[PDB]
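> using only what follows, build the 3D model:
(chains A, B and C)
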Amino acid sequence: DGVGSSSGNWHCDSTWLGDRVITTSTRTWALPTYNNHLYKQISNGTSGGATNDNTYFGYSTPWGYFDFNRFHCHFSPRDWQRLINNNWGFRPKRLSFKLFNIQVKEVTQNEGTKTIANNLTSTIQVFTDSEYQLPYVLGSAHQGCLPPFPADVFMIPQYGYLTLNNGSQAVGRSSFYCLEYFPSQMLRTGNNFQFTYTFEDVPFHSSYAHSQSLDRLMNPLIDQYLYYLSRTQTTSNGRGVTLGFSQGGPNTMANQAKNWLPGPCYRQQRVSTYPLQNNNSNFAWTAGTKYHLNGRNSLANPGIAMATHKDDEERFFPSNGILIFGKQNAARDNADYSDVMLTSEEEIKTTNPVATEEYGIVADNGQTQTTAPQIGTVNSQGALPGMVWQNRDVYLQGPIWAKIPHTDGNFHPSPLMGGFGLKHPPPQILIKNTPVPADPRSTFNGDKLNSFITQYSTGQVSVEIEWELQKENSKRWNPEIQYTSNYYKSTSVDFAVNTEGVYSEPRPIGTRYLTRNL
Amino acid sequence: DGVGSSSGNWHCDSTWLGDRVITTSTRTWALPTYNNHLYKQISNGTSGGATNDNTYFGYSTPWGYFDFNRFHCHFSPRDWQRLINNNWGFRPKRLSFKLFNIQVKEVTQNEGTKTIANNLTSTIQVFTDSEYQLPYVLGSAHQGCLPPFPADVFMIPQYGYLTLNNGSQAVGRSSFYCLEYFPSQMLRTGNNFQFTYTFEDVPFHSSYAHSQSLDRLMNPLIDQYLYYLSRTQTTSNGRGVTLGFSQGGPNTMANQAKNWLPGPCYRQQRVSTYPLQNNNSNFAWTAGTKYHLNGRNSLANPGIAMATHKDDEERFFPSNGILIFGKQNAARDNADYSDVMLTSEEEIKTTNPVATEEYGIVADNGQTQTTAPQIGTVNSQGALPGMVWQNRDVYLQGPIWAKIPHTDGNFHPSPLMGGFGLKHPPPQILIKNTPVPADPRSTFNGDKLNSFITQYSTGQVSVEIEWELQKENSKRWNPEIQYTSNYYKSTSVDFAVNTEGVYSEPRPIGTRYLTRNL
Amino acid sequence: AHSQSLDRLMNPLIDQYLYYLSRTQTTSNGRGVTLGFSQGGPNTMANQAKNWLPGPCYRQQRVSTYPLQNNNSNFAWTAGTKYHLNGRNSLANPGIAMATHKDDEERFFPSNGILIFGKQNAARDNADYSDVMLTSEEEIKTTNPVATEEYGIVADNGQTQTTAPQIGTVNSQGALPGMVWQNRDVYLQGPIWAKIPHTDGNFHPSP
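Numbering: from 1, shown residues only, chains lettered A, B, ... in the order given. Below you will find the coordinate block:
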């Protein structure tokens, strides 16, 4: 394997075998030099216009990293359709990673002309953090993924991390990390890199909706043998005290005894899609739903999984309580409503409470002959025995996994942006250009060398994931709901390039179409 | 195999062994970057000056493809002569393909000076579509073949395809294809590519003419024992009704009973080579012979195989009903009659009807004593039991095969431009330069990379086809007609270069010289 | 369904090496006779040479779903598309497989040329249009001709200097070499099999 032989081939394919499917993707990347080969302290503090909520302390490194953690990395729109229409669930099993056909290039400036040449003896260096010894920066939903469309070339993002801070300052427990203090592999243009990984057992993502609601599980034809208190007061003659009792039945179903409870609630503020129906004020931050950690307020975004709206409320959404994707060429700041794509969790109404409404009612007081009953409203409810709930849905544009924090305890460790929680997630992959010094002085100086040759590198990357499928077995007589493409004529095809060669994704696509009994 | 060793050799040869011949060709190619590495939506619609007949919707890719589908790719004029003079038929058997001695080159502009350098670490990528999963664009008689003359260097054509349209717009069933979504092989300058293919059983092309005509198959010396109706009216005395009957014989041969029928007819409009004999008007489109598909009119070019003209009519040809080749350096649009070469199907008069004339006559009405017989003219005739016909001839400049459309049914699936119809034709071969990014910015941006280094590639291509021959076995006493070269002196040699180094082909050469009994 | 149409199989980016007759008459100066020739290309695609032909045609009469657009008369039987067997006329129902309508014609259907299912509790005789369910074969436009339109145009005569060209319209077309076609679709309410008649010969024995 010299300079004249390729170290790998292009693999983009999908294979559907029985109970599993295997996806494989190849992309072309470009890796710049970051920071001028330097580590740098970064911070932000309230001395400037920053509020206390936004302060941080950390470091930016001279390293890049690979991110394949979105679904459109591994699935074409047609492959995603086969998955969601035919299956009740899926989970990842194992992956392979390859890095090959590396070429390092040097650029030099003379006056205004720029030239690029090959540097055949330069290296890049790569390693995986397989012992989870670095701050794990995947799972924060950052940009810099492998592109959804296989013909696009992408830039590799810069690695950095945060530590503890007090304001803009570091405390005694703050940690610093040098990535050169890790063994890594060095590659010239004829070398290549690969590794394999196995996922730990994780539950299947549930791709389906319930065809029953938690409060409707009864037989509509039969009475219950249990009684409830239907009457505290005599109707006949005057008004007087009595105890009446009735059995629950077809017309009283709201009164019947039940075995189960809806899932937990943390209430969100309601926002209409028609702006004229909203109050006139800027309440996005002040009315936002937050948590409070070490004197510092953080918006709970999206939060726990709750139904977006109830029946015929579709114009409302929770303020910070949903995932929002941008359309192609949308602005970074202050984008309009026509520029973004709002997801809906509406399928989970059958089980989870609605995000913008109360959980229920409890008794505020005890009552007497002289004191009337008082009722409270429950806007926040933690886990109660007998609750059942659904997780948030996953999307073709959305994240796949997250790393579960290493802690004494946790409760239902499913990521709140949606995905698979993992104690040992796929390891993060660090990549860097090796610095090449410019000619030094001819007399010894002990200071470090600050003058380098300008370089960048390009190459190929492949990733292959095996997925396990859960087949749908159902006696439903009538046809299902399916994801489909519009039949009518159009100026362009959805999920294709336009006249200018730009690939766009028209809408977000969820996973829940087939149904199952509750 | 490094940068200093060649990955293949030059093979151009022909070998005649018994019942088979093997041809092999080598050419030099050049592959540009197309579209700036982009896929692009293309369309045409009636909003502009385009009529509804010419509308389309589709995509152009950044890929090239190889086309060897003309006969002059595989045969020298002398080899074609050996074939057509000595054999009654031939068909293809198997082929081999090689791609070797690849070299990638980078071109950079500084002011007005241009320089070209080798880029030793760059790749090209190649694949064959062997599962027939792409729109099959061969068999449309496009330019971009391997040149007929082995010393010429050719440019590789750009790949593209069409989908369904309504006007300039796409409908719901329109498909988009990314060719990067196919596994492909990547080659640096020291690598090479090859594959083999086997043709499915196909009938021999018939290279011969019939020495008998379908209506002359009788013994000229003997009467038939069958009778026909020769007389409806009394000749003697006055005019009166009678039924006369006669046996068919040597002088009545037009009246004899026969077992067979001429092939099908779709009539063409007649055009004289002497312009003064044609009507004065532009009737090429308005008088053209067409079919009508989804509200959109398409000229039937050339159409079903019919004889070009009858005896002593040689000055006439069917309007859109023949193949027309251009001479060397002929114009693209509005070329003169001396610039083009008209083929003639005249050999099939013995069987197929003439293209510009009616099929026959049928009865229009039933007759009575008061009603005289009425006759209709048959200008279009589909398949009747007892028909026999010949296919259109093949030429040294013409196509070899076509892909048979995948459909519920078809009738006599022989391509109408002439050739071998194939359910699984030789697979199409896609080739592309791998994009090499220019130096990116030193701070991360998430947009795709639009800036590249300009490159192109060159190399060698070999193709080898084995052909099976059908030997001629004949008791004819007198000598045959043969294809020959003119004996008389000339300014240049036919099928050679001129003073300027330009190779030309003087005339089209068909396959049908030897004869056979009908 | 096919995602391509039989007349669009070409590469949109490239010219053909074959020529066609584009010009019978001189544009410049006066009107005079000449022979012009052009190569087929991206903008001329209707003129290009092709290898294949659409399937066979037996034309049907056209009926609009909006009754106000139909002629005023009872033409169902008299304008019906028939065959004639032993002196006895039989409506050809549904007939050979043809596309129900072309683009943006969806309001039209062939008279006896489609399958029609009734809704629940529909009348036996003289049911209304809201009582029945019309199928559509529209998916086969890419290959088969439309049921209510002509197959194509052929030459009626030979031409001379004194005689102008005449064109005929082809309303019925049998099998030609190079045709391809699709069968009629099957439905959840429809039949599964049929018995092929026992005969000396048949052509494409699909029910």
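
> and residue A:317, which of the three is it?
strand (DSSP: H, G, I helix; E, B strand; the rest coil).

> who touches it in this structure?
A:270-271, A:273, A:308-309, A:342, A:344 (CB atoms under 8 Å, 6 or more residues apart in numbering or on different chains). Bear in mind the C-beta positions are built from the backbone N, C-alpha and C, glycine included.

> please repeat the previous calculation with a cut-off of 10 Å.
For residue A:317, the contacting residues are A:268, A:270-273, A:308-309, A:324, A:342-345, A:355-356, by CB atoms under 10 Å, 6 or more residues apart in numbering or on different chains.

> pull out the buried members of these.
The neighbour count (16 or more other CB atoms under 10 Å in any protein chain shown) marks A:268, A:270-271, A:308-309, A:343, A:345, A:355-356 as buried among the contacts of residue A:317.

> would CSV of those residues with secondary structure and distance to chain C be doable?
Shown next, in CSV, are those (DSSP: H, G, I helix; E, B strand; the rest coil; distance: CB to the nearest CB, whole Å):
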residue, secondary structure, distance to chain C
A:268, coil, 45
A:270, strand, 43
A:271, strand, 41
A:308, coil, 35
A:309, coil, 36
A:343, coil, 31
A:345, coil, 34
A:355, coil, 41
A:356, coil, 43
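
> would you reformat those as a markdown table and include distance to residue B:145?
Listed next are the buried ones among the contacts of residue A:317 as a markdown table, based on distance: CB to CB, whole Å:
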| residue | distance to residue B:145 |
| --- | --- |
| A:268 | 66 |
| A:270 | 67 |
| A:271 | 63 |
| A:308 | 59 |
| A:309 | 62 |
| A:343 | 52 |
| A:345 | 58 |
| A:355 | 64 |
| A:356 | 67 |
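
> ok, so of these, who is nearest chain B?
Checking the buried ones among the contacts of residue A:317 against chain B with CB to the nearest CB, the nearest one is residue A:343 at 20.7 Å.

> for the strand or helix carrying residue A:233, packing partners?
Following DSSP states H and E, one finds residue A:233 within strand A:227-234. Here strand A:227-234 touches strand A:240-247, going by 3 or more CB pairs under 10 Å, 6 or more residues apart in numbering or on different chains; DSSP states H and E.

> who does the strand it packs on pair up with?
Note on strand A:240-247: by DSSP bridges, its sheet partners are strand A:227-234 (antiparallel).

> buried set for the strand it pairs with?
Result for strand A:227-234 [16+ other CB under 10 Å]: no buried residues.

> format the CA atom coordinates belonging to that strand as CSV.
Written as CSV, here are the backbone C-alpha positions of strand A:227-234 (Å, rounded to 0.1, in the frame of the first residue of the first chain):
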residue,chain,number,x,y,z
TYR,A,227,-69.8,1.0,44.0
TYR,A,228,-68.9,4.7,44.1
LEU,A,229,-70.3,7.7,46.1
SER,A,230,-72.7,9.3,43.7
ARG,A,231,-74.8,11.4,46.1
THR,A,232,-74.0,13.6,49.1
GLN,A,233,-77.4,15.4,49.1
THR,A,234,-81.1,14.6,49.0
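
> which residues sit against that strand?
A:239-248, A:252, A:255-257, A:373.
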